[PDB]
Amino acid sequence: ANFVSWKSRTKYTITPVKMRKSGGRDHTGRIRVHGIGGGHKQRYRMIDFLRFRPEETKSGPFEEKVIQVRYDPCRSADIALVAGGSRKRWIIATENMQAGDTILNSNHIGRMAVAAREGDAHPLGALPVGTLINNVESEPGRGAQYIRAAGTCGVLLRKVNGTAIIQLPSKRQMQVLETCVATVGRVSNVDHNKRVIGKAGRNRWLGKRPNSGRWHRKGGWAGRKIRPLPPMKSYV
Amino acid sequence: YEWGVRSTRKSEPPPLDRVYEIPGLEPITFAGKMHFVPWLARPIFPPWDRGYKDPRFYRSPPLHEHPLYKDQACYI
Amino acid sequence: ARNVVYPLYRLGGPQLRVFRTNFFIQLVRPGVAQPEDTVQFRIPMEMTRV
Amino acid sequence: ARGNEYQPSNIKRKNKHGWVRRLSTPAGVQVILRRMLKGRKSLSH
Amino acid sequence: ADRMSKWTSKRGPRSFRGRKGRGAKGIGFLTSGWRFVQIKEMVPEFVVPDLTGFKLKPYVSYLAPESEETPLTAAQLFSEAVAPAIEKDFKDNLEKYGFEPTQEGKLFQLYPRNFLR
Amino acid sequence: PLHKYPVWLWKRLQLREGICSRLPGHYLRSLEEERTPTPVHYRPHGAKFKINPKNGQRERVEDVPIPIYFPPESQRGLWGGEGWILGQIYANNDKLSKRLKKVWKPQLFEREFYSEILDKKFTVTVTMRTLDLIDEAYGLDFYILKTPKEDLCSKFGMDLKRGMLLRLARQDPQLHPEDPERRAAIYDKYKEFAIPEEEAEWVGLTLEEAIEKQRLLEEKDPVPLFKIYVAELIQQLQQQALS
Amino acid sequence: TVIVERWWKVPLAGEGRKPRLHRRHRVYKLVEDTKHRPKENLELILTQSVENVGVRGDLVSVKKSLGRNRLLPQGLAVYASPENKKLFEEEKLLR
RNA sequence: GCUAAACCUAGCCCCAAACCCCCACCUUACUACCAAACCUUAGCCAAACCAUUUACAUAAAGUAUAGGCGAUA
RNA sequence: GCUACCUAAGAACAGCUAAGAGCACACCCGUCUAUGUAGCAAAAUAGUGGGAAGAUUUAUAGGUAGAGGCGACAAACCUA
RNA sequence: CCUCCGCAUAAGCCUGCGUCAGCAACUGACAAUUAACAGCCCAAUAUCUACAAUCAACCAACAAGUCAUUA
RNA sequence: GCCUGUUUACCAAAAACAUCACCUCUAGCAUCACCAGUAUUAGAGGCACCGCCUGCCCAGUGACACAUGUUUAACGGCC
RNA sequence: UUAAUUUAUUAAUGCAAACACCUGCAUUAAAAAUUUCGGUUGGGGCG
Ligand SMILES: [Mg+2]
Ligand SMILES: [Mg+2]
Ligand SMILES: [Mg+2]
Ligand SMILES: [Mg+2]
Ligand SMILES: [Mg+2]
Ligand SMILES: [Mg+2]
Ligand SMILES: [Mg+2]
Ligand SMILES: [Mg+2]
Ligand SMILES: [Mg+2]
Ligand SMILES: [Mg+2]
Ligand SMILES: [Mg+2]
Ligand SMILES: [Mg+2]
Ligand SMILES: [Mg+2]
Ligand SMILES: [Mg+2]
Ligand SMILES: [Mg+2]
Ligand SMILES: [Mg+2]
Ligand SMILES: [Mg+2]
C-alpha cells in the first residue's frame, strides 16, 4: 500500500490543517477498525495540551486572554483560541469560559493553596484538595493526556509528599507527581451526553459506518460483570 | 508532545557496515562501480558542491551569511 | 542532427553547433488549398520548428 | 448489464500492468523472464 | 487494449499526451505560469560554408580510375601527420607535435564527444 | 540434448574464464577448499567404526552435519559456528504423533570487546558459545586469528581477520603511536600469524568483492597510441642510428 | 547452544560422496541444550589488589559473569594461558 | 462432372562431438538533461480410509539396515 | 478498469407545495405484467413502478488478494 | 414522418463511408488534423495562513467547511 | 416491521439487515490504525425510536474475582 | 462442536540462561491446522 500519514506538520500552527481520513485502514491498507469512514470533511486544529509552556525568552507564570471559544470537529469538547504575549494557541476550554476571559498559567507551587478561578492551570501541589480538575498530565512536562473529553472532570482526592492522587471519571485513582500541571474546573461542552442523534444519517455524518449484520451469540463476557475497584496506579 | 510522526519524518539512513570500524583496511564499496550493488559495502560520499552558479538550482546560504542579519528583531 | 547524442548545456557554455546536418527534408505538394505564401515540407520526426 | 467489464483507461493500464510496475517487485521480474523465455513480442503494457 | 502498437504520443490522456513527445530535443526550460524559456545556445546553429566557386559536384564522372580501399588507421595518421616532424626534430615534452595528454580545457574534445556528429 | 560439462562445474568454470582467472592463486585456492566446520549442533562420533548392539558386528559410521541457517544478523556480529536450526519435531518425542516444524534460535547478547591489535572496543552481538571459544582461545585476537574462514562463519569476523592480519603484516606504527615498545609487545605476541602483505589483503573477501578489488587494481585510463607510436619511432630511429 | 540429533538415521555415503538427505532427515530430536548445563568457573590471573577473588599474581577460579564482565574489560586479570604463567612464575621468582 | 483428391520437402526428433550468445530503453520501458537479496517446500498419491510413513558404469545387493517392523524405503 | 468497502480532490440534482418532508423531470434502481428465450441482449425490451438535497448518484486516480480481502450477513461481492 | 436527441469536451479508439482505381465502411495508391484551446510548470531557507458556503446582506445553524503570504 | 434507507449483479427487496433510542462488556493510554483521540472517550456486541414496562433464579456452563463467592438487558431455565 | 491428534503459532505465567527484552524447556488458554464420520438392511433413515 501507499499510506503516507497526514500527521506530518512539524511546527505548531494556529491555522486549520487539511487532514485525511483513514477509513479504519492500516498503513497496509487492511481494515483494523470497523465502522470508520465517509463523514463530513474536517480540518484539524492543533491543540497545545502542554498547558504551561513559556514562549521564547520568557518564563514564570503568565496571564493569557481568550479570544474565541470555538467548535472543534475533531473532538467532543469545544476549544478556545487563547493569545498571550506574542503567540496564539488553541487550548481546550473549561465549562464557563467566555471571550475576553483571562487565564493564569502558573508553575509556582505555593506554600499555601491557590484559590484558583474556573479556567486557569496550576501544579497539583498548589490546589485545595477536593477541586474539580481536568487536562491532567501523567509526568511533569508530558502534556495533558487525561480527562480531556467534553464535560468530564476529575477530583483531587488527597495529596501526599511529592504526590497527588487524582480520581479519573472512570472512578479509578491515579498517583501523579506533585509538580505536574493540571487545569481546574470541568471541561466545556457540558450536556454533550444529553444529545439526541435523531437519525442514522447524523450518525453517518460523523464518520461512523453501521455495524455488521452478522448475528453474534453472547458468551461469558456479556453478563453484568460487577468487578471490585482496580488498585490505584502510580507514575512515580 | 512533538509534532510530526516518525513515519513521515526523514527516514534514518541504514547503519554503516561494520567494515568501517576496522582501522587497518580500506573498504571495498560500489564506488568503483557506478551503481548500487547489494553484496558490496555502501560508500561514504564527500559533500558535493556545484561549482558554478545556476539560477534554477540556487540554494541560499543559511540565515547568518545573509549580509544584513540583525540580532535585534524587527517586527514588520 | 538526428540519432546523435547532443552535448549537455550548462549555463555560460558554448554555442551548440551542427556542422554536417544529419536530417534531410522534402517539400511536398499541398493536397488541400493553402495560401500562396506557404510551402509544405515533410520534416523527419526529430527536427523541431526552430 | 453483465459482460461490459473491461472499462478502459490508459493510466490504470500502465500503472496496473506496465513495465515499471513489473520491475518494482521480483515476482513481476520473473514474469518478464517467463515472457522472454517463451519468446513473446510484448513483454508488458 | 493493444500491446503490439508502439506507445506513441497520440495515445494517452491529456497528461500522458503532454509529457511524451517525439524524438525532438529540449531547447529551454519551463518556468512559472508554464512559461517556456528558449535558451539561445541550446539551439543548433547550422554552420554552413559558402558554396561559391566550389568545383565538387554530387557525382563523379565515369572516367575516374579505380583504386583500393585503405582505411585511415592510427599508424597512418601518426605517420604522415607526425612522423616527419619527429624525424626533423630528431636529427638535430610530447606536446610540441600536436599531442595533448589532457583535454579538459579543450573546446572540441575527442573523448567524450562534446561536438556534434 | 546435453551440456558438455556438468552443471555443478559451471561456477568453477567461472573461476577460469575472465576476471576470476586473473585473481591471485592463493585466493582461488582458499575458495576451492571444502573443509568442514567444527560440529556445533550435533555430537560427533568417536571413531569411524562402531559395533552396534543389535547384532554385534562393527559397522562404519560418519557424522552427517546439521543444516544451519545463517541470517544476515549473524554476519553483522560474531556468532559461533551457529545460527538458526530449521527443522521438525515429533510432537511428544514419539514418531506416531504429529510432525511439526521448529526453529531453534540461538541466544544473543550485545557484548563489548577490545581488540589489542586493532586497538578498538567493538560492540558485537555474540553468543554464549562464542564467548566460550574466546576463553578457550585466550583472547579475541587469538580467536579471530586462529579460526578458519569456514568455521568462524561471519562476514565481520573475516573482516576482523583481514584487519588484524594487515596490521600484523605491515607492522603498522599506527597501532599505538609515540609508543613503539608496546607495539613490539603486541607484534611479538601475535607473531605466529605473520602473513605476507600480498596474501593478507585477500583474506575474507567474498568472490564478488574480490572481482571488484581485482577490477579496481588492473583498471587504467588507456594509453594513447601517440606515446606507443613515438616509442616505436624513436626506438626505430635508434635502430637506424646503429646501422 | 542447542545440540539436536536426527531421528531417522542417514544411510552412509562413502569416502568421496556427500550424504543426500530426504525430508525425513530434517526431523530432529533435542538431545541437549548447553545453557542448562551446570556452569563452570574459568581460571584467571589477577594483577592487582582485587577483592577476595584473589591477590596479585595468583591464578584462580572465577565465575564467568564476574570474570568476563568486570575483570577482563578493566585490565585487572589476564587469561590463564601457558604463555603468561611463565611470566608470572618468573615474577614469583623475583620475590 | 463439380466439390475434390493426390504429391515431397520445408523442417523437426533422438544421439554423438564440442563448453554457447548509430540512437532510445527501470519515469507511463523504447523517454537527451538535477540533491534494497538471502529464511525447511508443500501437496497430490501409495498405505485399498487416514493421522507416523510413501522412491526423485558394473558388482557387493535389493544385502546390512530403517519402517503404523506395513505400505515401503 | 466489473463488483464489496475505503482514500484524495471534483461534479449533478428542473419545476411545485412547504425536514435522511411530499408531488415530480433529468438521473439511480428494478415492484409487477407481458414480450424475448441460439434473444437486440451469456438478463434485454415495452408499460407500470420505488427513490430523487441525501445513509444520494456519479466521473477520475489510489488502497485492501485468496489459509485472504471485503460485507447496513444475502455465508453476498472479489473480471460473465 | 420521427426525435428522450443533437453539438462539443473528458475518457476511449488509432486513420476506420476524404480523392483516384478495383439484400444491392473491403483492397491498393495518394492526401490530411497547422496553436491562441488543452497538457507539459515553479530557486532556496526560515516565517506566516482564528472568523465557511448558500446572490452573503438580514437571518439561521451544524455535519464545522473547496481557495491567501512575508523576510 | 417504528420510520428514510440496505441485500441475494443474473429466479427472493422481504417480515431479513441496518437504524435513532436503550443496555451489557473491555480499556487509564501518545507519535503508521483506534488517534494526532483520552471514560460525556474509544472499541467489542445485544435489542430496536419514543410511551407503560422488563417479573423469579447462579443448580449446570462460561466469564469475573480465588473472601467456595459475584454474574442473567450472559449462555439458559422458570414444577 | 464436549469427534481424534496436535499446539508448530500467538498471549500469559513458571524454571533455567543472562545480568525488562531475547533464547531454551514445561504448563494453560485462544485461535486454528490435519483427518474422519463402520456395516447388514426386501431403497435409505428409525428399530
Ligand atoms: Mg451497534
Ligand atoms: Mg443485528
Ligand atoms: Mg467504471
Ligand atoms: Mg491411501
Ligand atoms: Mg476419503
Ligand atoms: Mg426526501
Ligand atoms: Mg414481490
Ligand atoms: Mg418521492
Ligand atoms: Mg453496501
Ligand atoms: Mg443470514
Ligand atoms: Mg444460508
Ligand atoms: Mg421497514
Ligand atoms: Mg441491487
Ligand atoms: Mg437475485
Ligand atoms: Mg426482484
Ligand atoms: Mg432487525
Ligand atoms: Mg429395510
# chains A, B, ... in the order shown; residues from 1 in each chain; ligands from 1
>>> residues_around(residues="residue 46 of chain A", least_positions_apart="2", cutoff="8 Å", atoms="only C-alpha atoms (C1' of nucleotides)", output="number ranges by chain")
A: 12-17, 44, 48, 90
>>> write_last_selection(atoms="C-alpha atoms", output="JSON list (two decimals), in the first residue's frame")
[["chain", "number", "residue", "atom", "x", "y", "z"],
["A", 12, "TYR", "CA", 2.83, 24.24, 15.71],
["A", 13, "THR", "CA", 0.28, 26.33, 13.85],
["A", 14, "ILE", "CA", -2.90, 28.19, 14.76],
["A", 15, "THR", "CA", -4.49, 27.50, 11.37],
["A", 16, "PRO", "CA", -6.71, 24.54, 10.48],
["A", 17, "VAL", "CA", -4.84, 21.70, 8.79],
["A", 44, "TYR", "CA", -7.59, 19.72, 12.41],
["A", 48, "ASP", "CA", -1.42, 22.74, 22.80],
["A", 90, "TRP", "CA", -5.59, 26.62, 20.66]]
>>> residues_around(residues="residue 65 of chain H", least_positions_apart="4", cutoff="12 Å", atoms="only C-alpha atoms (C1' of nucleotides)", output="PyMOL selection string")
(chain F and resi 52+54-55+59) or (chain G and resi 8-12) or (chain H and resi 69+73)
>>> write_last_selection(atoms="N, CA and C atoms (P, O5', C5', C4', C3', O3' and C1' of nucleotides)", output="PDB file, in the first residue's frame")
ATOM      1  N   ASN F  52      27.575 -52.073  16.748  1.00  0.00           N
ATOM      2  CA  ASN F  52      26.206 -51.805  17.162  1.00  0.00           C
ATOM      3  C   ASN F  52      25.679 -52.904  18.097  1.00  0.00           C
ATOM      4  N   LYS F  54      22.642 -54.428  18.200  1.00  0.00           N
ATOM      5  CA  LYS F  54      21.525 -55.267  17.780  1.00  0.00           C
ATOM      6  C   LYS F  54      22.003 -56.587  17.189  1.00  0.00           C
ATOM      7  N   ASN F  55      23.172 -56.587  16.557  1.00  0.00           N
ATOM      8  CA  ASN F  55      23.752 -57.814  16.037  1.00  0.00           C
ATOM      9  C   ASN F  55      25.243 -57.961  16.309  1.00  0.00           C
ATOM     10  N   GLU F  59      30.218 -51.699  12.227  1.00  0.00           N
ATOM     11  CA  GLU F  59      29.766 -51.040  11.016  1.00  0.00           C
ATOM     12  C   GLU F  59      30.297 -49.620  11.020  1.00  0.00           C
TER      13      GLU F  59
ATOM     14  N   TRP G   8      15.633 -40.100  12.208  1.00  0.00           N
ATOM     15  CA  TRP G   8      15.842 -41.072  11.148  1.00  0.00           C
ATOM     16  C   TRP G   8      17.319 -41.123  10.801  1.00  0.00           C
ATOM     17  N   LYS G   9      17.903 -42.313  10.811  1.00  0.00           N
ATOM     18  CA  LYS G   9      19.335 -42.415  10.581  1.00  0.00           C
ATOM     19  C   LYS G   9      19.661 -42.241   9.103  1.00  0.00           C
ATOM     20  N   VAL G  10      20.794 -41.604   8.838  1.00  0.00           N
ATOM     21  CA  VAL G  10      21.205 -41.305   7.471  1.00  0.00           C
ATOM     22  C   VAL G  10      21.935 -42.510   6.899  1.00  0.00           C
ATOM     23  N   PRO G  11      21.541 -43.006   5.727  1.00  0.00           N
ATOM     24  CA  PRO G  11      22.341 -44.031   5.054  1.00  0.00           C
ATOM     25  C   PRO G  11      23.688 -43.458   4.649  1.00  0.00           C
ATOM     26  N   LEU G  12      24.748 -44.163   5.020  1.00  0.00           N
ATOM     27  CA  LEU G  12      26.089 -43.617   4.897  1.00  0.00           C
ATOM     28  C   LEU G  12      26.528 -43.583   3.439  1.00  0.00           C
TER      29      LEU G  12
ATOM     30  P     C H  69       3.814 -51.502  13.469  1.00  0.00           P
ATOM     31  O5'   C H  69       4.418 -51.917  12.060  1.00  0.00           O
ATOM     32  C5'   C H  69       5.801 -51.741  11.795  1.00  0.00           C
ATOM     33  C4'   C H  69       6.422 -52.929  11.121  1.00  0.00           C
ATOM     34  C3'   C H  69       6.240 -54.256  11.838  1.00  0.00           C
ATOM     35  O3'   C H  69       6.322 -55.299  10.870  1.00  0.00           O
ATOM     36  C1'   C H  69       8.519 -53.747  11.738  1.00  0.00           C
ATOM     37  P     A H  73       9.957 -48.512  -2.477  1.00  0.00           P
ATOM     38  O5'   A H  73      10.925 -47.816  -1.441  1.00  0.00           O
ATOM     39  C5'   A H  73      10.844 -46.423  -1.215  1.00  0.00           C
ATOM     40  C4'   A H  73      11.698 -46.009  -0.054  1.00  0.00           C
ATOM     41  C3'   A H  73      13.178 -46.293  -0.177  1.00  0.00           C
ATOM     42  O3'   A H  73      13.860 -45.340  -0.960  1.00  0.00           O
ATOM     43  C1'   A H  73      12.446 -47.011   1.917  1.00  0.00           C
TER      44        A H  73
END
>>> residues_around(residues="residue 24 of chain L", least_positions_apart="4", cutoff="12 Å", atoms="only C-alpha atoms (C1' of nucleotides)", output="ChimeraX atom specification")
/F:103-107 /G:1-3,30,32-37 /L:15-17
>>> write_last_selection(atoms="N, CA and C atoms (P, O5', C5', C4', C3', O3' and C1' of nucleotides)", output="PDB file, in the first residue's frame")
ATOM      1  N   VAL F 103      11.998 -23.922  14.750  1.00  0.00           N
ATOM      2  CA  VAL F 103      13.232 -23.179  14.553  1.00  0.00           C
ATOM      3  C   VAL F 103      13.862 -22.996  15.921  1.00  0.00           C
ATOM      4  N   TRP F 104      15.039 -23.570  16.118  1.00  0.00           N
ATOM      5  CA  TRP F 104      15.813 -23.347  17.329  1.00  0.00           C
ATOM      6  C   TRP F 104      16.730 -22.164  17.080  1.00  0.00           C
ATOM      7  N   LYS F 105      16.423 -21.044  17.706  1.00  0.00           N
ATOM      8  CA  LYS F 105      17.249 -19.871  17.514  1.00  0.00           C
ATOM      9  C   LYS F 105      18.261 -19.768  18.643  1.00  0.00           C
ATOM     10  N   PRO F 106      19.474 -19.290  18.399  1.00  0.00           N
ATOM     11  CA  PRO F 106      20.448 -19.160  19.481  1.00  0.00           C
ATOM     12  C   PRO F 106      20.164 -17.921  20.317  1.00  0.00           C
ATOM     13  N   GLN F 107      20.741 -17.905  21.510  1.00  0.00           N
ATOM     14  CA  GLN F 107      20.544 -16.804  22.438  1.00  0.00           C
ATOM     15  C   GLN F 107      21.624 -15.761  22.206  1.00  0.00           C
TER      16      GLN F 107
ATOM     17  N   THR G   1      24.257 -23.348  23.811  1.00  0.00           N
ATOM     18  CA  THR G   1      23.862 -23.673  22.449  1.00  0.00           C
ATOM     19  C   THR G   1      22.976 -24.907  22.405  1.00  0.00           C
ATOM     20  N   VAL G   2      22.380 -25.161  21.248  1.00  0.00           N
ATOM     21  CA  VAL G   2      21.419 -26.243  21.076  1.00  0.00           C
ATOM     22  C   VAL G   2      22.077 -27.352  20.280  1.00  0.00           C
ATOM     23  N   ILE G   3      22.110 -28.549  20.845  1.00  0.00           N
ATOM     24  CA  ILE G   3      22.560 -29.740  20.141  1.00  0.00           C
ATOM     25  C   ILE G   3      21.361 -30.645  19.910  1.00  0.00           C
ATOM     26  N   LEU G  30      15.848 -32.983  20.164  1.00  0.00           N
ATOM     27  CA  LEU G  30      16.704 -32.180  21.030  1.00  0.00           C
ATOM     28  C   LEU G  30      17.375 -33.082  22.052  1.00  0.00           C
ATOM     29  N   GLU G  32      20.443 -32.147  23.666  1.00  0.00           N
ATOM     30  CA  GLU G  32      20.975 -31.355  24.766  1.00  0.00           C
ATOM     31  C   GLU G  32      20.846 -29.879  24.442  1.00  0.00           C
ATOM     32  N   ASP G  33      20.554 -29.082  25.461  1.00  0.00           N
ATOM     33  CA  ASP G  33      20.703 -27.637  25.386  1.00  0.00           C
ATOM     34  C   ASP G  33      21.801 -27.251  26.369  1.00  0.00           C
ATOM     35  N   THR G  34      22.876 -26.648  25.849  1.00  0.00           N
ATOM     36  CA  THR G  34      24.103 -26.442  26.616  1.00  0.00           C
ATOM     37  C   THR G  34      23.922 -25.395  27.709  1.00  0.00           C
ATOM     38  N   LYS G  35      22.964 -24.482  27.546  1.00  0.00           N
ATOM     39  CA  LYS G  35      22.747 -23.455  28.556  1.00  0.00           C
ATOM     40  C   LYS G  35      22.231 -24.025  29.870  1.00  0.00           C
ATOM     41  N   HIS G  36      21.623 -25.210  29.854  1.00  0.00           N
ATOM     42  CA  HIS G  36      21.092 -25.823  31.060  1.00  0.00           C
ATOM     43  C   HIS G  36      22.077 -26.793  31.696  1.00  0.00           C
ATOM     44  N   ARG G  37      23.339 -26.697  31.343  1.00  0.00           N
ATOM     45  CA  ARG G  37      24.374 -27.480  31.987  1.00  0.00           C
ATOM     46  C   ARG G  37      24.807 -26.808  33.277  1.00  0.00           C
TER      47      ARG G  37
ATOM     48  P     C L  15      10.004 -18.983  38.980  1.00  0.00           P
ATOM     49  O5'   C L  15      11.111 -20.014  38.496  1.00  0.00           O
ATOM     50  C5'   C L  15      11.081 -21.358  38.941  1.00  0.00           C
ATOM     51  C4'   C L  15      11.851 -22.254  38.012  1.00  0.00           C
ATOM     52  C3'   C L  15      13.224 -21.756  37.615  1.00  0.00           C
ATOM     53  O3'   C L  15      14.192 -22.001  38.615  1.00  0.00           O
ATOM     54  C1'   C L  15      12.080 -22.561  35.703  1.00  0.00           C
ATOM     55  P     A L  16      15.558 -21.165  38.628  1.00  0.00           P
ATOM     56  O5'   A L  16      16.591 -22.132  37.909  1.00  0.00           O
ATOM     57  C5'   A L  16      17.673 -21.602  37.167  1.00  0.00           C
ATOM     58  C4'   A L  16      17.839 -22.315  35.850  1.00  0.00           C
ATOM     59  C3'   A L  16      18.809 -21.668  34.887  1.00  0.00           C
ATOM     60  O3'   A L  16      20.148 -22.016  35.172  1.00  0.00           O
ATOM     61  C1'   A L  16      16.824 -22.236  33.743  1.00  0.00           C
ATOM     62  P     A L  17      21.196 -20.887  35.604  1.00  0.00           P
ATOM     63  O5'   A L  17      21.605 -20.214  34.226  1.00  0.00           O
ATOM     64  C5'   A L  17      21.943 -21.014  33.105  1.00  0.00           C
ATOM     65  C4'   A L  17      21.718 -20.270  31.818  1.00  0.00           C
ATOM     66  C3'   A L  17      22.239 -18.851  31.794  1.00  0.00           C
ATOM     67  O3'   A L  17      23.625 -18.802  31.534  1.00  0.00           O
ATOM     68  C1'   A L  17      20.064 -18.922  30.876  1.00  0.00           C
TER      69        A L  17
END
>>> residues_near_ligand(ligand="ligand 8", cutoff="7 Å", atoms="only C-alpha atoms (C1' of nucleotides) and all ligand atoms", output="list in words")
residues 22, 51 and 52 of chain I
>>> write_last_selection(atoms="C-alpha atoms (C1' of nucleotides)", output="PDB file, in the first residue's frame")
ATOM      1  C1'   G I  22     -44.408  15.295  -0.130  1.00  0.00           C
ATOM      2  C1'   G I  51     -36.328   6.932  -4.692  1.00  0.00           C
ATOM      3  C1'   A I  52     -34.870  11.544  -6.496  1.00  0.00           C
TER       4        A I  52
END
>>> residues_near_ligand(ligand="ligand 14", cutoff="9 Å", atoms="only C-alpha atoms (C1' of nucleotides) and all ligand atoms", output="ChimeraX atom specification")
/K:8-12
>>> write_last_selection(atoms="N, CA, C and O atoms (P, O5', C5', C4', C3', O3' and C1' of nucleotides)", output="PDB file, in the first residue's frame")
ATOM      1  P     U K   8     -27.438  -7.267  -4.168  1.00  0.00           P
ATOM      2  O5'   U K   8     -27.710  -8.781  -4.534  1.00  0.00           O
ATOM      3  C5'   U K   8     -26.844  -9.779  -4.034  1.00  0.00           C
ATOM      4  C4'   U K   8     -27.521 -11.118  -3.907  1.00  0.00           C
ATOM      5  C3'   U K   8     -28.549 -11.467  -4.966  1.00  0.00           C
ATOM      6  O3'   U K   8     -27.925 -11.944  -6.141  1.00  0.00           O
ATOM      7  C1'   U K   8     -29.201 -12.245  -2.794  1.00  0.00           C
ATOM      8  P     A K   9     -28.532 -11.656  -7.593  1.00  0.00           P
ATOM      9  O5'   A K   9     -27.492 -10.648  -8.228  1.00  0.00           O
ATOM     10  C5'   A K   9     -27.498  -9.270  -7.888  1.00  0.00           C
ATOM     11  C4'   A K   9     -27.264  -8.411  -9.102  1.00  0.00           C
ATOM     12  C3'   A K   9     -27.529  -9.095 -10.439  1.00  0.00           C
ATOM     13  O3'   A K   9     -28.090  -8.149 -11.339  1.00  0.00           O
ATOM     14  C1'   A K   9     -25.307  -8.320 -10.381  1.00  0.00           C
ATOM     15  P     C K  10     -29.615  -8.306 -11.796  1.00  0.00           P
ATOM     16  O5'   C K  10     -29.603  -9.628 -12.674  1.00  0.00           O
ATOM     17  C5'   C K  10     -30.752 -10.457 -12.759  1.00  0.00           C
ATOM     18  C4'   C K  10     -30.402 -11.922 -12.741  1.00  0.00           C
ATOM     19  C3'   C K  10     -29.638 -12.419 -11.518  1.00  0.00           C
ATOM     20  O3'   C K  10     -30.065 -13.740 -11.229  1.00  0.00           O
ATOM     21  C1'   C K  10     -28.450 -12.968 -13.442  1.00  0.00           C
ATOM     22  P     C K  11     -31.050 -14.026 -10.005  1.00  0.00           P
ATOM     23  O5'   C K  11     -32.269 -14.749 -10.700  1.00  0.00           O
ATOM     24  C5'   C K  11     -33.255 -14.010 -11.389  1.00  0.00           C
ATOM     25  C4'   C K  11     -34.612 -14.547 -11.056  1.00  0.00           C
ATOM     26  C3'   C K  11     -35.012 -14.398  -9.605  1.00  0.00           C
ATOM     27  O3'   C K  11     -35.518 -13.112  -9.302  1.00  0.00           O
ATOM     28  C1'   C K  11     -35.434 -16.605 -10.314  1.00  0.00           C
ATOM     29  P     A K  12     -35.139 -12.402  -7.918  1.00  0.00           P
ATOM     30  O5'   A K  12     -35.765 -13.372  -6.832  1.00  0.00           O
ATOM     31  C5'   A K  12     -37.168 -13.491  -6.684  1.00  0.00           C
ATOM     32  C4'   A K  12     -37.556 -13.433  -5.240  1.00  0.00           C
ATOM     33  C3'   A K  12     -37.153 -12.145  -4.573  1.00  0.00           C
ATOM     34  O3'   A K  12     -38.150 -11.166  -4.723  1.00  0.00           O
ATOM     35  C1'   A K  12     -36.339 -13.968  -3.318  1.00  0.00           C
TER      36        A K  12
END
>>> interface_residues(of="chain J", to="chain D", cutoff="12 Å", atoms="only C-alpha atoms (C1' of nucleotides)", output="PDB file with N, CA, C and O atoms (P, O5', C5', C4', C3', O3' and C1' of nucleotides), in the first residue's frame")
ATOM      1  P     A J  10     -10.832  16.891 -24.883  1.00  0.00           P
ATOM      2  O5'   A J  10     -11.230  16.049 -23.598  1.00  0.00           O
ATOM      3  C5'   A J  10     -10.953  16.534 -22.297  1.00  0.00           C
ATOM      4  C4'   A J  10     -11.511  15.617 -21.246  1.00  0.00           C
ATOM      5  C3'   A J  10     -11.089  14.171 -21.353  1.00  0.00           C
ATOM      6  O3'   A J  10      -9.798  13.938 -20.850  1.00  0.00           O
ATOM      7  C1'   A J  10     -13.400  14.273 -20.972  1.00  0.00           C
ATOM      8  P     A J  11      -8.766  13.115 -21.741  1.00  0.00           P
ATOM      9  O5'   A J  11      -9.209  11.608 -21.540  1.00  0.00           O
ATOM     10  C5'   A J  11      -9.287  11.044 -20.245  1.00  0.00           C
ATOM     11  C4'   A J  11     -10.137   9.804 -20.244  1.00  0.00           C
ATOM     12  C3'   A J  11      -9.824   8.785 -21.319  1.00  0.00           C
ATOM     13  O3'   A J  11      -8.702   7.986 -21.032  1.00  0.00           O
ATOM     14  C1'   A J  11     -12.129   9.128 -21.263  1.00  0.00           C
ATOM     15  P     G J  12      -7.726   7.575 -22.223  1.00  0.00           P
ATOM     16  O5'   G J  12      -8.591   6.584 -23.098  1.00  0.00           O
ATOM     17  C5'   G J  12      -8.966   5.313 -22.606  1.00  0.00           C
ATOM     18  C4'   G J  12      -9.995   4.689 -23.499  1.00  0.00           C
ATOM     19  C3'   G J  12      -9.508   4.333 -24.887  1.00  0.00           C
ATOM     20  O3'   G J  12      -8.871   3.075 -24.912  1.00  0.00           O
ATOM     21  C1'   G J  12     -11.527   5.525 -25.044  1.00  0.00           C
ATOM     22  P     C J  13      -7.538   2.845 -25.762  1.00  0.00           P
ATOM     23  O5'   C J  13      -8.039   2.811 -27.266  1.00  0.00           O
ATOM     24  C5'   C J  13      -8.952   1.818 -27.701  1.00  0.00           C
ATOM     25  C4'   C J  13      -9.517   2.173 -29.047  1.00  0.00           C
ATOM     26  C3'   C J  13      -8.494   2.329 -30.154  1.00  0.00           C
ATOM     27  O3'   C J  13      -8.224   1.085 -30.772  1.00  0.00           O
ATOM     28  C1'   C J  13     -10.018   4.156 -30.168  1.00  0.00           C
TER      29        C J  13
END
>>> atom_distance(atom1="atom CA of residue 16 of chain E", atom2="atom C1' of residue 30 of chain H")
15.9 Å
>>> residues_around(residues="residue 29 of chain C", least_positions_apart="3", cutoff="10 Å", atoms="only C-alpha atoms (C1' of nucleotides)", output="number ranges by chain")
C: 26, 32, 39-41; J: 31
>>> write_last_selection(atoms="C-alpha atoms (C1' of nucleotides)", output="PDB file, in the first residue's frame")
ATOM      1  CA  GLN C  26      11.357  17.300 -48.749  1.00  0.00           C
ATOM      2  CA  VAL C  32      -5.611  20.995 -49.775  1.00  0.00           C
ATOM      3  CA  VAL C  39       5.395  25.880 -48.615  1.00  0.00           C
ATOM      4  CA  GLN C  40       4.638  22.466 -47.122  1.00  0.00           C
ATOM      5  CA  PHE C  41       7.529  20.209 -46.061  1.00  0.00           C
TER       6      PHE C  41
ATOM      7  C1'   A J  31      -3.712  13.177 -49.196  1.00  0.00           C
TER       8        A J  31
END
>>> residues_near_ligand(ligand="ligand 3", cutoff="10 Å", atoms="only C-alpha atoms (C1' of nucleotides) and all ligand atoms", output="ChimeraX atom specification")
/D:5-9 /I:1-2,58-60
>>> residues_near_ligand(ligand="ligand 9", cutoff="8 Å", atoms="only C-alpha atoms (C1' of nucleotides) and all ligand atoms", output="ChimeraX atom specification")
/I:4-5,71-72 /K:6-7
